[PDB]
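Read through the structure below, which is laid out as structure tokens, and then see the notes.
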Amino acid sequence: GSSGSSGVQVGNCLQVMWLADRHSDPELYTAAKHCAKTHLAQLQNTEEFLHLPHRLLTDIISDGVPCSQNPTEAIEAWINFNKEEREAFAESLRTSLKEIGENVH
Numbered sequence: 151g152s153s154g155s156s157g158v159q160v161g162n163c164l165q166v167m168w169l170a171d172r173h174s175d176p177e178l179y180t181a182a183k184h185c186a187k188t189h190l191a192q193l194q195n196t197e198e199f200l201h202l203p204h205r206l207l208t209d210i211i212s213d214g215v216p217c218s219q220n221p222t223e224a225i226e227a228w229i230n231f232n233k234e235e236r237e238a239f240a241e242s243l244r245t246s247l248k249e250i251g252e253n254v255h
């Protein structure tokens with residue numbers, strides 16, 4: 151019957167992937183990190199995500215994000231937090247931002 155084990159969840163994906171990266175953990179970091187890029191919104195509407203650094207966020211969006219989960223929206227917010235300086239990261243992040251799914255070269 152319906153049986154499984156403890157793994158990763160879009161909700162606790164950030165926290166997981168975070169520590170993982172800090173502990174040079176590719177297996178985990180990659181896993182959680184992925185689920186994040188796919189479900190960025192679910193995190194963009196949360197504090198943690200906005201509380202995350204630039205290295206983490208950059209990596210996520212760097213791995214390409216599905217047009218489905220409004221990527222820019224998350225960038226604008228996570229940036230607005232401390233736009234005072236993050237601004238620089240906002241522009242650079244925008245140009246770096248990548249979209250998948252749609253047929254565009």
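Reminder that position 8 of the sequence shown reads as 158 in the authors' numbering, one-by-one numbering, no gaps. The beta-carbon is built from N, C-alpha and C at its ideal position, and this holds for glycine as well.
Residue i, buried or exposed, once every other Cβ within 10 Å from all chains shown has been counted against 16
| i | result |
| --- | --- |
| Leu202 | buried |
| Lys187 | buried |
| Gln194 | buried |
Backbone CA spacing between residue i and residue j [nearest angstrom]
| i | j | result |
| --- | --- | --- |
| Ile211 | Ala181 | 15 Å |
| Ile250 | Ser155 | 31 Å |
| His189 | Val160 | 7 Å |
| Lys248 | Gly214 | 5 Å |
| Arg172 | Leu206 | 10 Å |
Start-to-end residues for the alpha helix (DSSP H) that takes in residue i
| i | result |
| --- | --- |
| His201 | 197-201 |
| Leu164 | 163-172 |
| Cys185 | 176-188 |
Identified DSSP bridge partners for residue i
| i | result |
| --- | --- |
| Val160 | Paired residue(s): none; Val160 is not in a bridge. |
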